[PDB]
Amino acid sequence: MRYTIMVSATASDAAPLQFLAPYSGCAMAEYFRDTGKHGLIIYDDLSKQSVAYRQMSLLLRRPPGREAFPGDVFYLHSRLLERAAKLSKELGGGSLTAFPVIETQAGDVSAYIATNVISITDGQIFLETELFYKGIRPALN
Amino acid sequence: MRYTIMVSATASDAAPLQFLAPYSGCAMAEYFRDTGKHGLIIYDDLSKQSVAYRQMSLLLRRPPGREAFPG
Amino acid sequence: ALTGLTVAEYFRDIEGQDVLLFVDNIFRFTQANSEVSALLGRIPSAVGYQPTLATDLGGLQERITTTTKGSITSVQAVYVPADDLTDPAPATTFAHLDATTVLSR
Amino acid sequence: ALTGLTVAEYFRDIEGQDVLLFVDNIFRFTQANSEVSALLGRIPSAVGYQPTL
Amino acid sequence: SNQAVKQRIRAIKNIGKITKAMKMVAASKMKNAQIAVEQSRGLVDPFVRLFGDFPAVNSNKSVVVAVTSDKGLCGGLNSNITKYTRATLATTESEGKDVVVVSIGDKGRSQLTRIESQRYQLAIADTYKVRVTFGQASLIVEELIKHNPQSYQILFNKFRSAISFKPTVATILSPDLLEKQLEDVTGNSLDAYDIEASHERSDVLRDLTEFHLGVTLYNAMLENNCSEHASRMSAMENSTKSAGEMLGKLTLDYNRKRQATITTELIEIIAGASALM
Amino acid sequence: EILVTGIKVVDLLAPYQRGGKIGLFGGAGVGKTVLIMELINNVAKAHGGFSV
Amino acid sequence: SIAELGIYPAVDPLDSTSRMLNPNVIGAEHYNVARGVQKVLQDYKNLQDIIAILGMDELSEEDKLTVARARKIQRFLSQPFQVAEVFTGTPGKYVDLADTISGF
Ligand SMILES: Nc1ncnc2c1ncn2[C@@H]1O[C@H](COP(=O)(O)OP(=O)(O)O)[C@@H](O)[C@H]1O
Ligand SMILES: [Mg+2]
């Protein structure tokens, strides 16, 4: 915890707070990105941030799309995850590494938000449940 | 070509023109129907006419139905 | 379910006990909040639930915890609609569960 | 369909004889009511039909 | 669309019980036939105890019998002994001998003519319809007596266990043509026996070779039939497992399409209701 | 007129037109940026004209 | 489904089309080998359920011949890319058109 910041917008917190908490955390880590240092950030369950944003948009009477998500749910995560950058030498050389977490349903990799963030992030650490209940932990696919 | 008319409201054209191109082509072929000759009218992509008509109707604030098509 | 939480929150917060709260068919809590969301004119989300589905479930299930005075432990009957664990009501309910006790015939 | 039914109902009620009414595609009655019911100010029912189906 | 997978689930869910019923039918048939294989295994011992076992003989005419199945859901049984047949027809033939290929079972006449179209001369089938008797194998052996070879080769799967079926080549030497010649080891290996028959040693060897061929053929098509039932039992459980996993994947896609259908219809109703209100 | 790409499946089963519109369909990491990088690397260097 | 089989580029050969695939444009043998590859692959796709349920050992001889030739042309349509050698290590291959026509 000497190096960790912990931003928590939990399940009882309001949906704008769950929507905004990845951006708050990414700003707090962009401090270390922008001043030459290095940062790590885990946005744990962006699949719950997208549900908070779906709640906010559907309560604003905005027309839902695929899986009742708004049309700008891609922009929600691409605005966030493009800030995890490795800066040039002239801007400091700082870096920010993101580890977004997405929860699938039955190994459905082809969900809407899952295929959104797969096409935003660089790599992918897919964790399978068939390897997990066979005791192989970390259950890396 | 000396027996064929080509009515073509392509993709860059307005949605009223793609909505009206099958009816204009049928009106052009009804000259040959109405005067004892024989016509062969080929409406390529009637589904694209339906898409253009849906666009033209949804922007006229007419309430959508199944697959957002008009009634 | 909020009234059951209030009666249990008295025993946790004042008496300092370990309370059991049997929310019988949490799916019916979900479907009743879905009905009051549809009556209030809110646009329903995916499969037909309220747009505030996880937030209503969280406002229920986040008061069931261990404080420094006591604890409420919830044994909730779960109905799985159309035998689908990926349906949003049990898949949102399963995020809060700590154990499942499966009674089988 | 109502017009053809009225022509048959005259034969049934006034003249009192056994009528045969053949209605080809009674689905088109409900379809045609659905085509106007969105412009009549009715918010739509299930799979595309009118609320008064 | 959404009833395509709803009917495909029905098709695969019925295959997943048809193949399990067929697995239990094959298992009950293997249970009923194992007690007949174990009783018939004894009589093959005195002939390979008296006449030995000489597969690599320099025969001039040979008859190779590949004991296959009739029904073809066995799962790699009738094709494996066809590999052993082409590995055995290419073992004895090194000197210009005449070879007849015979097959018992429809999956033998469908597969030995594929690689061996001209030396194939006989096809026995429908052997396993009611049961296998010794008179049936005697008539098959008599149709092998219609040809007069110098050896008989029998290719069949030996029912060792429910998981292992070793393919077996069994050799029957024709009596005065080869059987005395293979035993002529500085004298003979058959001179120790005092022939108590009515006629000479040549006729008792003719009768013994015919009886040994009938017993080997009867045991071969009992071993192969029971290993066929065990192979069908083990190959109708790879199919029930695959039809269970395919049904699981189809059920997952059906639930996804079901949820998408309810969301799509609901979005259509909301957009139509908000176009007016 | 054909546009040779050096890719076997593209040159065999869906050959590209020199002066035609080409689409690369697929979603979320199936390789349609590596395929367009390989098309840049194979076609754009053996082109002569300008690229955007 | 083709990328998860390790085939790269993961082109669906039975869904990727072109207007240049025309014997009056590209030549008769190029069109013939393209349509033959597509027919072999479609005939293999028609057997995937019966390969899954009954297994490979229950097919006909022409079936288990065309399945083997289809599995050979499935791997042969894949190709290491010159830009993809920095995360794979295998070098890239620019194939000529005559080479792939004759090779297929
Ligand atoms: N030709 C190829 N060879 C090896 N791997 C590939 C190839 N094409 C794509 N990939 C894999 O796909 C991943 C990303 O694909 P990408 O081009 O980013 O698809 P998209 O742009 O649709 O997200 C790469 O990390 C690589 O592992
Ligand atoms: Mg890309």
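All of the numbers you see were taken from the coordinates with simple rules; none came from a lab. Quick reminder, even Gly has a Cβ in these numbers, built from the backbone with ideal geometry, and neighbours come from all protein chains shown.
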request  = Among the candidates F:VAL10, F:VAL52, single out the residue that is away from ligand 2 (no atom under 16 Å from the Cβ), aliphatic (A, V, I, L, M) and not in a loop (DSSP other than H, G, I, E, B).
outcome  = F:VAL10
ask   = Which of (1) aliphatic (A, V, I, L, M); (2) away from ligand 2 (no atom under 16 Å from the Cβ); (3) closer than 30 Å to B:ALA68 by Cβ; (4) in contact with a helix residue (DSSP H, G or I) (Cβ under 7 Å, 6 or more places away or on another chain) is the odd one out, the single condition A:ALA139 does not satisfy?
value = (3)
inquiry  = Which residue is nearest to E:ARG256 (Cα to Cα), if the candidates are limited to region E:25-45 and must be in a helix (DSSP H, G or I) and without any contact (Cβ under 8 Å) to a residue 60 or more places away in the chain?
reply    = E:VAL25
request  = Have a look at F:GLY48, F:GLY6, F:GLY27 and point out the one that is loosely packed, with under 15 Cβ neighbours inside 10 Å, of a type in the set (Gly, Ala, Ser) and either within 14 Å of chain A (Cβ to nearest Cβ) or under 11 Å from the mean Cα position of the chain (by Cα) (or both).
outcome  = F:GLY27
inquiry  = For the structure I just gave you, tell me whether A:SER110 is without any contact (Cβ under 8 Å) to a residue 24 or more places away in the chain and under 18 Å from the mean Cα position of the chain (by Cα).
reply    = yes
query = Which members of region A:114-129 meet the condition of being touching a residue at least 12 places away in the same chain (Cβ under 8 Å) and not hydrophobic (A, V, I, L, M, F, W, C)?
reply = A:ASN116, A:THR121, A:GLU128, A:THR129
First in region C:68-92 and within 14 Å of chain A (Cβ to nearest Cβ), second anywhere and assigned to a loop (DSSP other than H, G, I, E, B) and among the small types (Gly, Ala, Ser), Cβ under 8 Å, 6 or more apart = C:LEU85/A:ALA106; C:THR86/A:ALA106; C:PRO88/C:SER45; C:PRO88/C:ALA46
key: Tally, over region F:8-52, of residues that are touching a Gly at 6+ places or on another chain (Cβ under 7 Å) and more than 8 Å from ligand 1 (Cβ to nearest atom)   = 1
ask   = When you go through E:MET233, E:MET221, E:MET246 one by one, which is the residue that is within 30 Å of the chain's Cα centre (by Cα), closer than 18 Å to E:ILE145 by Cβ and assigned to a helix (DSSP H, G or I)?
value = E:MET221
ask   = Can you name the condition, by its number, that A:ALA14 falls short on among (1) within 14 Å of chain C (Cβ to nearest Cβ); (2) over 13 Å from the mean Cα position of the chain (by Cα); (3) more than 27 Å from C:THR65 (Cβ to Cβ)?
value = (3)
ask   = Inside region A:54-103, can you point out the residues that are touching a residue at least 40 places away in the same chain (Cβ under 8 Å) and of a type in the set (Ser, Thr, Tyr)?
value = A:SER78, A:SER95, A:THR97
key: Restricting region A:76-113 to residues that are more than 16 Å from ligand 2 (Cβ to nearest atom) and assigned to a helix (DSSP H, G or I), the residue that is surrounded by the fewest Cβ atoms within 10 Å (Cβ to Cβ)   = A:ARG79
task = Report, by residue number, each residue of region A:25-52 that is charged (D, E, K, R) and within 14 Å of chain C (Cβ to nearest Cβ).
result = A:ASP44, A:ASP45, A:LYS48
query = Does region E:40-78 hold any residues that are among the basic types (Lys, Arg) and away from chain G (no Cβ under 14 Å), and which are they?
reply = E:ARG41, E:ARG49, E:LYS61
inquiry  = For region G:3-54, which positions are among the hydroxyl-bearing types (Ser, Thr, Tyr) and not in a loop (DSSP other than H, G, I, E, B)?
reply    = G:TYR31, G:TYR44
key: Tally, over region B:48-69, of residues that are on the phi > 0 side of the Ramachandran plot and either polar (S, T, N, Q) or loosely packed, with under 10 Cβ neighbours inside 10 Å (or both)   = 1
remark   = Considering residues that are among the polar types (S, T, N, Q) and over 23 Å from G:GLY103 (Cβ atoms), the number found within region F:18-52 is 2
query = Of the residues that make up region C:40-62, is at least one of a type in the set (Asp, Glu), buried (at least 17 other Cβ atoms within 10 Å of the Cβ) and within 11 Å of chain A (Cβ to nearest Cβ)?
reply = yes
ask   = Taking region A:13-47 as the region of interest, how many residues are in contact with a helix residue (DSSP H, G or I) (Cβ under 7 Å, 6 or more places away or on another chain) and surrounded by 14 or more Cβ atoms within 10 Å (Cβ to Cβ)?
value = 11
query = Taking region G:28-67 only, how many residues are within 14 Å of chain E (Cβ to nearest Cβ) and under 12 Å from the mean Cα position of the chain (by Cα)?
reply = 0
query = Out of region E:229-261, which residues are farther than 30 Å from E:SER79 by Cβ, β-branched (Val, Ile, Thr) and buried (at least 17 other Cβ atoms within 10 Å of the Cβ)?
reply = E:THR251
task = Tell me which residues, restricted to region G:7-21, are farther than 18 Å from G:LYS45 by Cβ and in contact (Cβ under 8 Å) with a residue 40 or more places away in the chain.
result = G:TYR8, G:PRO9
message = Being over 17 Å from E:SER79 (Cβ atoms) and either out of contact with any helix residue (DSSP H, G or I) (no Cβ under 8 Å at 6 or more places or on another chain) or within 16 Å of ligand 2 (Cβ to nearest atom) (or both) is the filter here; which residues of region G:50-77 pass it?
response = G:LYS72, G:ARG75
